[PDB]
Each structure stands twice: as structure tokens, then as C-alpha cells.
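To start, the structure itself, in C-alpha cells.
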Amino acid sequence: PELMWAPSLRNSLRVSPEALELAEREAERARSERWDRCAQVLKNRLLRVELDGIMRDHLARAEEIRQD
Amino acid sequence: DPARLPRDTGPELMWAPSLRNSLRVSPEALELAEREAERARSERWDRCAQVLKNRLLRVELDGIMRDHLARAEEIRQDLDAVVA
Amino acid sequence: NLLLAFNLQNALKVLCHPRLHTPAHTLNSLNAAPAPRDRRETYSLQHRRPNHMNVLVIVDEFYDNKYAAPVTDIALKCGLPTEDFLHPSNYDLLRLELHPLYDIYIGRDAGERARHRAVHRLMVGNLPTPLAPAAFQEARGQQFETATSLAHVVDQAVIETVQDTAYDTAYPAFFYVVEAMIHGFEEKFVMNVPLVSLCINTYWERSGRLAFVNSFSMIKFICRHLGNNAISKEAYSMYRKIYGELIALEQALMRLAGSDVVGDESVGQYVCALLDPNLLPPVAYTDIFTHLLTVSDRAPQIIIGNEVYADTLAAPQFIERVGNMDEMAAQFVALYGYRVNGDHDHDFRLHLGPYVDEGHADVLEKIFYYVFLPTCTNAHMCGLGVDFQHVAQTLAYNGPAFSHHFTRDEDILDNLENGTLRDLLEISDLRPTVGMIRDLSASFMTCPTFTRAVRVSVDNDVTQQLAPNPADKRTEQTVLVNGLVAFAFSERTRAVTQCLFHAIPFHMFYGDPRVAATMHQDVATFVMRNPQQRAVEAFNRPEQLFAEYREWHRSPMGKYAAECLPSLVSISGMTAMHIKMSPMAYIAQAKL
Amino acid sequence: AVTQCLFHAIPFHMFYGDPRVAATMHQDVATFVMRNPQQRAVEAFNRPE
Amino acid sequence: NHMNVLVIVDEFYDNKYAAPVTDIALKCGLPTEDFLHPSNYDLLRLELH
Amino acid sequence: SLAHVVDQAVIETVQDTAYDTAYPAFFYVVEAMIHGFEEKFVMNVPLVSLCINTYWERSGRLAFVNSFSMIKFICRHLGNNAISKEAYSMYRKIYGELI
Amino acid sequence: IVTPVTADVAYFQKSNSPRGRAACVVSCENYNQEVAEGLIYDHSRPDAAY
Amino acid sequence: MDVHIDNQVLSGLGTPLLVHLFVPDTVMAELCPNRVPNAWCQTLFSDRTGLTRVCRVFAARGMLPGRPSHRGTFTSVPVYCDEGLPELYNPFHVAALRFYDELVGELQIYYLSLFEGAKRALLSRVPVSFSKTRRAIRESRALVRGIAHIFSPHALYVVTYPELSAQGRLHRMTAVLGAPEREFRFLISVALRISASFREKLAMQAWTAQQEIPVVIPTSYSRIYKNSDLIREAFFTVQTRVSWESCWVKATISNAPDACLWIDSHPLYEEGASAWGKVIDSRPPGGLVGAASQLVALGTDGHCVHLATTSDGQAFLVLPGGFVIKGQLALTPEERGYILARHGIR
Amino acid sequence: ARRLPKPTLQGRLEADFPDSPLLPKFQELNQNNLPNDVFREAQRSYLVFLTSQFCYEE
Amino acid sequence: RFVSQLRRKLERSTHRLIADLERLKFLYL
């Protein structure tokens, strides 16, 4: 049939001494990519809301045009 | 040193095999999720590459958008010296 | 011993309470159960949002060498009759079906407690075929037809000839490229009027039946224009009758809505879902997108590749109109530069035309794409997608149209080279002269570049916004922008148009594998390995493209559409099953 | 679009005050039927006072 | 107060939002089963000859 | 809920096709040459349209319904006015009935 | 008395008042005109039998 | 229009200036589902990180805007940050709100997204509430405007109207980066030191499972999980994009309230944003046998990797398959005080 | 990620028609900043864009 | 007095062209 390992506290994981050092470096190279994408799209939204400030200030400066 | 066994059900003492002490693993769905997430990771590998060229070209377009008002400002400020 | 009557309307003193409609007690019962249902689904629960924009990569990634082919529980319901549904073999299905307006699913145990999440059945066509079979639906439609005292002015002959239109494998793909070039613009059709005057004439001569019924705006232009004796009278008569059935059926639905208003707005958008403007027609050439942001008191979200577009104050940021072609003469080369030097992946811009403020409530297109063409032709068409640069290189790098000194009124077959237009015109066998192909070349100044798909995300109306999961109150829907929909292909068509068209099975009525496997040789092997997927009810469709649970039209609608015999009773049943299941819908139903 | 310089729809009767034919003629009733879509019926459609 | 017929119809449809229905069209579009019900008492209160 | 697109006259005509004692043997030699794949078929298109169309007129019955591959071709490669409309309609009905 | 042409014949096969509303007046309380006039004339409430 | 005159007269102690807001009902659906909350203001800085005092904000839900364009709840943002003269603004500057009815969900908001929208908009006696007198006469549509929200790409509606010299000095205010940067890199620093603790604990031990939690496991576990398949333990650090919902800091704030546990759950390889910071009880008479049942049900979750944090300064990682890797928690108390001040009171 | 494959479009139409008035409006693109094939299909697309311009203008 | 019309419609047109160029930026990104 199908056999299952019995629950005991001497059961071993498949031993991993070497697969964790490259692991967190790949993790850091991925998360810097994600954080740079998030900050890029964040600054995209920030320039979008910052540009409407100068559009409002242009329409505020245009008052002096309206009597000239 | 482990041991091997088919089945049992419903214990009270903890370290006894059961049907609730089995981790519920579906191999094909996990392989499918693992493969599609490897491809999402492989797309995430190639994302922050060439927005620097977009930064230089956006510096170019804000330059050419400032130069137009730089052209307009002194021309608009020379058409006020004919009034005398 | 008096004969006390019991109608429906006496039962609306208890069929209009909200406690029929709030599933919060039901989900608090199903989540507090000591045992959940063991078999899980995880196929099309949530429309995950695509980061890219082109729809060819989504289709070609969803179907390369795919082995595990799941099926949803909704297609598991409507694939069997009443009796075996109530048999105790299917307790794993009857653990979920427990409310007539809510098909509760279990989802996944990704977190800690796999919660029974419940999406809402909007229309009465979402009832599973076991609990409401096809005969009940069409007999209900027969009650509906004498309820509104409808005058069904189409015979049987128009229905069967438009049925074997779609069931013709030898449909000329030149009609597809003509539609892809015109794509629903009035001033564009005023160019190509004597073209289609030749096309549908030689098709009516070819095989008796008619063509170009695979687009609403095309046959709308056929009825509006072109009655000037260019086609034979019997060919124009089918188009005019098809245009007449829709306006008669809409007058029937507006009779069913009655003369009542809520607040100040009328009640037609609450009882029937066709008069609901928040339902969108599945082909969007024109602007409609700003319109339903302006007319809907509910708050919709036009999701174009994880871009929300929640307000029309930042409206020109997401979408630009092309307007009339004579405005853009200062922007022709600028549009060509945006064509070539614009990275269209990670480009969230939509190229459309104007919103024509027509007297048909963006609803004549809705009724024709949702009641007629899926039922006269048994939902046996798939949405294809075109690349306009490729059809432009098809239609203008040829010999005689480029020279402009080869004259107009001559044959085009003798003097063109053996390009894709050559073998595209062989199997079609029509003879459009030079010059009337020139405006087909000339439209490319103002056509867009791609067939983008937008998954619109409208919220439900006020009657059924009672789900406890606030992101599950809304009902998503997809719509293939700027592409027509296409009937059956041959392999000869695919051998000459594998560089031209790509299929997108995006809708319930319009995702059909028996047609999409012909023109796309990735699903042709996907159905070769899993042959049970060939029914329209159970076919796999991309969850990043089309969410099967979160949809206005579930699987039983397609099951009824694929098994109804095409006739008048089936049409009346199909417009009878588009009625929503609101309490107001119950009131306007028991009035009639 | 041709005869909007030639004609004007006058809904004036019960038999001859059909709204769904006036929308092919008069543009203003064609936008009026959009705000009150129940009045495309010949019974209830508001006619000039 | 005049002769012309275009200005009467055009004055009637400019921005016609509040376009209510009269009673005799409201009594008109109901079948018999709802009309005798006490839902439409406001119609049965004024229909008595 | 299968829908027979084929009516009685199509089955009648193919029955009279099979029962016709004078079936022209040139059809069998064309079937011998045009075997299987389609590249050999597309180099004989007006040939088979000729020998089909003159059999739609010498009699009222059709032909080339003996091999499935010719039906699979003719529904998918012909119908572009190489043949008669009324002869093509029968083959299209047969191939639609099969699917 | 005049009647509409859509009255139920099953109403006429049984004994009732010649109007439509039954006069369930003894059920209405003694010396109380408001509930009586509400049962016999005011049509917010339906017929006492139907 | 009640919560604005509520908090306007209230926060006069710790705030000079008060800004009023709307919050739509779509923008916080991913924050807390099923409408479970119904606040607390703590605006941290961009480069002047430190710690600041807290201010309470009152609010209401279920009451509808005068705009029918969207229909949502009521909030308001206090501003008290600028030293001395308030004429300067801090640009690129977060302002945290803790919207709650019983502390679930956070609200991060900018000073640019607030103020750019604000500019874009514009036999004795009882004394009257003075500031409510001018809101009833306004009643206009131009007071509310649509602001593209930066944290979540949606609309956030502000309300302001020409009240008085406090809101009159607001619309003239301008001035001449790193407010969203510091918290994320601080999370990655404590995550890297915890993963380094796990690395050195697996190094000083034999690189072996002690299997603290008992599960039965099949013999093909070295097949359906591949050899040394710690790719989930690999990309664990990118997946923790949240922290104050995550259980890791939840044990540190739980020091102020002995045998307690908090559990994070991350899926086996990207099944979705599973959960963060659930509770394992030992106080009520459900007892340690109920804790053991919830713990073994945690351990038998074959497609979710769990991370366990204790109150006493210990960290644990739970492999799916019952394998446990021990670890330390010992962090410098500066970050501890920074965290408990970031949530609440020391 | 990818697009449709390219149609046939055999030969050259610039090297066949010397009587095209659009021939001066063609050679305003550069060769050395890109490889041969993308430049070839770019001349294809620019030619058919000019043909569309001439067709709409006539 | 013709100096208050042509230069004024000039600066109005340039004040619209700068909004057109900001819209061209929003076309770009």
C-alpha cells in the first residue's frame, strides 16, 4: 500500500546546509526589485498629484490675464 | 529512526498516528502553483531594467516643455514696452 | 367553499423582504460548521489582474501544454438532469447549493479558515439546469410573449439561415478583415459602402445565406444606410427583420417594466438586466466607457490592467478618443509614431472613438449580442483579435493599390502578387475592384493597434447589495474592445491567417472551444488531450481574463443556449431568462 | 441628418404621438427618452401640454 | 400665444427631467388582476363610473 | 438534444448515390490518386469541381461521398464558387451533422 | 346594476352581496361607525371573504 | 457632517490645526473586510523619525455624503507637526491613522495628497458651540474634491470650506524623501537578523528536524517536496510586505499584556496573501489541549509555512511537515520602544 | 512579451514602381542605428502608412 | 487700440498649448 513515516521527535529533515546561503541573496535581489517597482509607481502617483498643483497655480496666475 | 504504518483514527495522546495528524498535501496542485509562480518570479526578474532611459527622456521632455515658456516669457514681456 | 385565488402577487408580501436576500446568516452557518466540503475548485474564483496589456500573451500562456483541466462547480451542476441531482451520489454538490440567489463556493484554504464565500446570481438564467430545465425556460418565454402581447415579426426562415451562417465553415475571412477595418464608425462606412454592396451581394449569390451578421454596428449600418437597391430585396429583408426583432423585443421589455419610477429614475434598470445600463455589450468600438461612469448611481470600476479608473475627473488620462477622421489630420503622423515607438505592453491607454448619443440607450447592441446571436446560433462563436498593423501591411503593400496609376474599375485578382491577400481572396472568391480597397488601406490612419480586453467591474444594484463580503458585492464582466466576433473557421483559413487573427474565448456565450480550436492551434491540442472540455458550459477560460463565478452569465445560460432549438420560442425564453431576481423584478413579474 | 433642415416632429395625438418614432425625427425627444426610458411606451409618453 | 408649432414642442423637451404620467395612462397599462387588488387603491379610489 | 441539420432529402440523395449502379469509375481513380493528405488535393481543385459539377447535372445525385477525407476537404476547401451551390450544401450539411 | 365585463363567474356561482365587497357588518363592532365604514367602503383593505 | 465638528472642538489640546475628510467604502475594503471597524492619530516623520505624541480622532460610518458620486464613511486627519510657525510643510510625509472600533487596520496618508487636494478645493448664560455655525450655511458641491490617493490608487474625498483663520492660513501654505522607505527597510533588517538567527541555529545544530509538533508524513515527502526545497524559506523575506499585522512585532507589543503565541501564515509557494498574526490561546478553559489541537492543525497545513513568535524572546519557524527550526528574538530595545510607540503607549 | 508572426509580403515595391510620387517622402529613416530585419519591416510599415496617407488624401 | 487683441489671443493660445503639452506628458508616461 502507501506507507507514512511515524511521528517521532527523532525524524530528520532532508539535511540542508548549502541551500540557504544563495536563498536570501535571491530573496534580496527580488525584494529590491519589488520595492523599486512600488517606489516607482508611488512616484508616478506623486508626480501626477504634484502636476495638478502647477495646473491650479497656472489657473491662479491666469486671473491677471483676464483683466489685461 | 522513524517507523512506517498505514492508518489509524482519532487519538487523545498526541504522538499517535491518526487521520487528523496527517498533513493534507495535493502534489499536482502544488506543482502547478509552484511552476506558475516560478514564471511570475521569472517575469519579476526582468522588470527594473530600462526606466533610466525613460528618466533621461523625461528630463528631455521637461526641458523642451520649459524651453517653450522660456521662449514665451520674454516675448510676452517685450509686448509691454510699446505703450508709451 | 369559495374559490380563493393564489397568484404570485399575494406571495410578494414575503418574497420582498430582505431576509430572503441577506446571506449573512447562511455564511455564518456554513463557516461555523464543524466540517467543510473536502473537494475544492480553485479555477476561476477571482479575476487576477494582468500586469501586461496585450491579450495574445495571456491566451498563449494559458494554453501551452496544459495538463490539469479543472471545471467549476457551476458547470458541474448544469450538466445533468433533475433526478440524479437529487440523488445521494452528489452530496458533494448539494452541500453547496442551498440558496436560490446565491451559489456558495468554498474556494481555498490559503489562510486559516476556508470561508464559504458566496457570489450572487443576478438574473434568473443563472439557476442551474437541474432545478430549472430548458423546457421550463422556453415555456416561461411562451408565457412572456403573450404577457407583453409581443408581435414576433421574424419567421423561421431568417432564423435558420442566420443559423447556417454561423454553422458555415467556409465563411470568407475577407469579411473579417473588412469588419476589422471598418470597426463601427459611420464616416468609415460611408467610404466602404459600395464595397459591402458587392461583398454581401456575391455572398448571397454564393450560398443563399447572408453575411456580416457577426457584428451589431455592421448590420446597424446595413439597416441605416445602403437600402439604395445595391443588394437584392430579399437580402436587405433579413437584415431589416433582424433589426426589427430587437426593437420589438425592447418595446416588449419596456412594456414589462411598466409605468413606475423609483425616486425619479425609471424602474427598467432594476427588473430586467438588459435595460440595466451597467451591463455592457461585449464588443466596444465606440466610447461607452465614460457614459456608464456618468449615468450609474452605483460605482463601477473600469479595470484596464490593474488601473482602477474610478473617476471621470481623471478621465482623459486613461482613455483618449479618436473622434472624426478629419479632426486628426494634424495628428496622423503622431498617431503613427505612437503606433511604432510605443511599447504596448505596460501601456494602459485605450484608443476608441466618440460616444454617439444615440436614442438606443446603449442597449440595442446589448440585446443583439446577448439574446439573439447566442441563441439563433447556439453560442458557437469565439471572439477573435486582430493586429491592425498586420492587416495594414496585408491591405497596402500589395501591388495595384500602391501604384495609384492602376485605375479603379478593373480586376484586382490579375494584377496583385501572391501575398496573404491573394490566398485570402481565393478561398473567399470575391472581386473587389481597386480603389474600393484603397479606402480600406486609408482607414489605417485612424485605426488603433490592438484588441485590448477590459475587465469591467460594476457593482450590483441596490436590490442585491447585501453580501457580507464587500468585494463580493460586485459582478465583474469582460468586453473585448476593438475586435469583432467570429463564427467557425476552416483549417484553410488558419493556414493563411495565422499571422492575422488570434482567438480570445472571453465570454460565456462567446467562449466556445469548438470554434476557437480551429483558428488557434494551442487549444487545438488542449482539447485533443482533454476531449470532455468541448462543451461551452465547461470549457476552460483564462481566470486573468474571465472570472466564471464573478460573471453576469454563468454556465447554465450557455447550456440552454447550446441546446435550444433555434426558433421563436427559444428567443422568447432567452429574453425571459435575462430578468433579474430582485424583489422589484418579482413585483414587475407578478403584475404581468 | 439630411432632413433636420426640412422637418419637425409634432407629437399631437394618441395614435400619432408615438415616442419611438419621434426619436428618429426630433433629437430632443431622442435624448429625453434616455433620461426617462419608461416613456417610450405610447400610453405614458408625455406629449406637449 | 402664437402660431408656430416648432417652438411649442422645443419648449417642451429642452431639459425635461420631471415627466410624470397621468392617471388614465397609469390605469391603462395594468392587467385585471393587479387593478382590483388593494395595491392600487389610489387608482380604485378615483375610478367609479 | 442533438439537432439533425440533415433532413430526409440529403439521406435520400446519398442513398441513391450508393444505390446508383453506374457510378463513374473515374471517381475511384481520382480517389486512388488523391489519398489522405491535402497537398495532393489542392493540385486538383478544378478537376474535382469539374467531375462533381457534371455529375450534379447528368443525374440529380451527388458524388465523392465514398471517402471521408474528400468530405473533410470539400466542406473546408471548396464552397468558393468552384462547384454548384446546391451540391456544396449537401456536403456542408453532412459535415455539420458529423460535428 | 352595472358591472365590468371581467368579473369572475366563480364569484357569481356563489351567494354574496350583489356588490363585490361582502357586508361583514356584524363582525364590525356595535355603535362603531369608523370600522364599519372601513370594512364596507374603504378599499385599502380587501374583501372580507376574497 | 458630524464627526468634523466632533473632532474639531476635541483635539484642541494636542493639535493646533484640524483637517476633515471622507473615506470611500471601496478604499478600505482590502484593509478590513465585512465592515468590522467603525481612531488614533500618530503622524511620523520623513527624516526626523524619532517619536511623537498621539491624538484621538472620532468618526462615523453608514452616513452618506452629499455627493451621490460615491457613498461612504466619515474620517478626519489632524495636523500638529510643524514646529512653531505652521507655515512650513513637510513634503513626502506620512500621517498614520488607526481606524478601529475594538485596532485592526491602519491608514497611511500623505501631506501632499491632503494639502494639494485642500488647495484644489479652495442670571448667566450658556455659550454656543462656535465652529458649527458656519458649516450649515456652506452646503455646497465645490467643498469636496477628488484626490488620487497614493498608497492605494483610488479616490479619497476631502472636505474643507472657508471657515476661519486656521483654515484660512492653510490654503497659503507651501514649503521647500524617505517616509515610506524607513519602515519597510526596518522590517527587512529585523527579518534578516531573524533569518540569520535561523541560519546560525541550523549551523550550530546538526541541520536536522527535531519535529516539535507531531504529524504523520508520507514516505514520498522527499519527492513531492524536492531535495532541500527551502525556496519558500528562501523567498520568505520578500513575502513579508506587512509587519504590524504580522505576528513578529505582535509578540513585542504583547509583552505589556506568559504562555501566549502569535502565528503568521504564508502559503507554500504564492497561493496569496494568506493571513498575518493569528492568536493561540492558553488563558480560557479551552486549555492547553485546545492549544495543542490548534497547533497540530497548524502543523498539518500542508501548503502553508508558519512562523511562530514567543513573548519571552524566542522565535520559531514551522515547516509544513511538522519540522521546527528554533531561533532567537533578541533585538535592541530602541527598536522595541520605537515599535510600541508606533502602535501606542509605552 | 510577443506578437503575431509576420505575413509574407514578397519582394520589394520600391524596387518595382519608379512612378510613385511618395518615393521622395520615403528615405528619411536611418540604417545604422538598428539591424537589417527590423529596418526592413520599418520600411514596409512606413511605405504602407504613406500609401494610407495618399489614399485618404486622394 | 489694436495691441490688446492679437497678443492677447496669442498668450491665450500659448496658455492652452502648455496644458496640451502637460496632456502630452500624460500621453507619454
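Cβ sites come from the backbone with ideal geometry, for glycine too, and all protein chains shown count toward neighbours. Rule-based calculations on the coordinates, nothing more; no lab input.
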Of everything in the range C:278-300, what is buried (at least 18 other Cβ atoms within 10 Å of the Cβ) and either touching a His at 6+ places or on another chain (Cβ under 8 Å) or polar (S, T, N, Q) (or both)? Give them in sequence order. C:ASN278, C:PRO282, C:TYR285, C:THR286, C:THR290, C:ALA299
Does the range H:216-259 hold any residues that are outside any loop (DSSP other than H, G, I, E, B), of a type in the set (A, V, I, L, M), within 7 Å of another protein chain (Cβ to nearest Cβ) and in contact with a helix residue (DSSP H, G or I) (Cβ under 7 Å, 6 or more places away or on another chain), and which are they? H:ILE224, H:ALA234, H:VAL238
Selection from the range H:285-314 of residues in contact with a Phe, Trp or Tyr (Cβ under 8 Å, 6 or more places away or on another chain), more than 25 Å from A:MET4 (Cβ to Cβ) and of a type outside the set (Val, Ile, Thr) yields H:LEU307
Residue hits (the range A:23-50; of a type in the set (A, V, I, L, M, F, W, C) and surrounded by 14 or more Cβ atoms within 10 Å (Cβ to Cβ)) are A:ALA23, A:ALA27, A:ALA30, A:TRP35, A:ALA39, A:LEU42, A:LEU46, A:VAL49
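Residue by residue, here is whether (1) in a helix (DSSP H, G or I); (2) under 25 Å from C:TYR369 (Cβ atoms); (3) under 22 Å from the mean Cα position of the chain (by Cα) holds:
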| site | (1), (2), (3) |
| --- | --- |
| C:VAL454 | no, yes, yes |
| C:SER457 | no, yes, yes |
| C:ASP461 | no, yes, yes |
| C:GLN464 | no, yes, no |
| C:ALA471 | yes, no, no |
| C:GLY483 | no, yes, yes |
| C:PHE489 | no, yes, yes |
Among the numbered criteria (1) touching a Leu at 6+ places or on another chain (Cβ under 6 Å); (2) closer than 26 Å to C:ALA516 by Cβ, which single criterion is violated by C:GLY399? (2)
Do the conditions hold for C:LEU364, that is, is it surrounded by 15 or more Cβ atoms within 10 Å (Cβ to Cβ), within 14 Å of chain D (Cβ to nearest Cβ) and in contact with a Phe, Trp or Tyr (Cβ under 8 Å, 6 or more places away or on another chain)? yes
May I ask you to verify whether I:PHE17 is at the interface with chain C (Cβ under 7 Å from one of its Cβ atoms) and surrounded by 10 or more Cβ atoms within 10 Å (Cβ to Cβ)? yes
Which number in (1) within 17 Å of the chain's Cα centre (by Cα); (2) surrounded by fewer than 14 Cβ atoms within 10 Å (Cβ to Cβ); (3) under 30 Å from J:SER13 (Cα atoms) marks the one condition that A:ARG66 misses? (1)
Whether any residue in the range G:17-26 is part of a helix (DSSP H, G or I) and surrounded by fewer than 11 Cβ atoms within 10 Å (Cβ to Cβ) is what I want to check. no
With the first residue restricted to the range C:306-327 and required to be within 15 Å of C:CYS447 (Cβ to Cβ) and more than 14 Å from chain H (Cβ to nearest Cβ), and the second required to be part of a loop (DSSP other than H, G, I, E, B) and among the acidic types (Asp, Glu), Cβ contacts under 8 Å at 6 or more apart or on different chains are C:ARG321/C:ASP287
Of everything in chain D, what is over 25 Å from C:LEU249 (Cβ atoms) and not in a loop (DSSP other than H, G, I, E, B)? Give them in sequence order. D:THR3, D:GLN4, D:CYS5, D:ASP28
Quickly run through the range H:214-236 and pick out the residues that are under 31 Å from the mean Cα position of the chain (by Cα) and either of a type in the set (A, V, I, L, M) or within 16 Å of H:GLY327 (Cα to Cα) (or both). H:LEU230, H:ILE231, H:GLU233, H:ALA234, H:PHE236
Would you check if there is a residue in the range C:418-439 being closer than 30 Å to C:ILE242 by Cα, in a strand (DSSP E or B), within 12 Å of another protein chain (Cβ to nearest Cβ) and not β-branched (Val, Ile, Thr)? no
Residue tally, condition among the basic types (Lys, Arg) and either more than 30 Å from A:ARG48 (Cβ to Cβ) or not in a helix (DSSP H, G or I) (or both), over chain J: 4
For the range C:91-108, give me the residue count where each residue is assigned to a helix (DSSP H, G or I) and among the hydroxyl-bearing types (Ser, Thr, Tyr). 1
Considering the range E:25-49 alone, what residues qualify as being hydrophobic (A, V, I, L, M, F, W, C), facing another protein chain (nearest Cβ under 9 Å) and either farther than 22 Å from G:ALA49 by Cβ or under 13 Å from the mean Cα position of the chain (by Cα) (or both)? E:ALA25, E:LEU26, E:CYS28, E:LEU30
Across the range A:51-68, what is the number of residues that are over 19 Å from B:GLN77 (Cα atoms), more than 7 Å from every other protein chain (Cβ to nearest Cβ) and of a type outside the set (A, V, I, L, M)? 1
What about F:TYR88, is it within 22 Å of C:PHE489 (Cβ to Cβ), within 10 Å of another protein chain (Cβ to nearest Cβ), in a helix (DSSP H, G or I) and in contact with a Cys (Cβ under 8 Å, 6 or more places away or on another chain)? no
Which listed residue, of B:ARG39, B:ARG24, is part of a helix (DSSP H, G or I), under 30 Å from H:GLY321 (Cβ atoms) and within 14 Å of chain H (Cβ to nearest Cβ): B:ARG39
What number of residues within the range C:492-513 are touching a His at 6+ places or on another chain (Cβ under 6 Å) and within 16 Å of C:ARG554 (Cβ to Cβ)? 2
Please go through (1) at the interface with another protein chain (Cβ under 7 Å from one of its Cβ atoms); (2) more than 22 Å from I:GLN10 (Cβ to Cβ); (3) among the aliphatic types (A, V, I, L, M) for C:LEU384 and return the number of the only condition it doesn't satisfy. (1)
Does A:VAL15 meet the test of being outside any loop (DSSP other than H, G, I, E, B), at the interface with chain H (Cβ under 7 Å from one of its Cβ atoms) and either out of contact with any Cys (no Cβ under 6 Å at 6 or more places or on another chain) or surrounded by 17 or more Cβ atoms within 10 Å (Cβ to Cβ) (or both)? no
Tell me yes or no: at least one residue of the range H:148-168 is touching a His at 6+ places or on another chain (Cβ under 6 Å) and of a type outside the set (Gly, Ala, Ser). yes
Does any residue in the range H:275-292 that is more than 9 Å from every other protein chain (Cβ to nearest Cβ) and within 27 Å of H:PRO33 (Cα to Cα) come within less than 8 Å, Cβ to Cβ, of a residue that is among the charged types (D, E, K, R) and part of a helix (DSSP H, G or I) six or more places away or on a different chain, and which pairs are these? H:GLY277/H:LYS250
Scanning the range C:400-417 for residues that are facing chain I (nearest Cβ under 7 Å) and in a loop (DSSP other than H, G, I, E, B), the one nearest to the chain's Cα centre (by Cα) turns out to be C:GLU417
Here is a list of conditions, (1) in contact with a helix residue (DSSP H, G or I) (Cβ under 6 Å, 6 or more places away or on another chain); (2) of a type in the set (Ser, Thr, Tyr); (3) away from chain C (no Cβ under 14 Å), and G:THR3 meets all of them except one; can you say which number that is? (1)
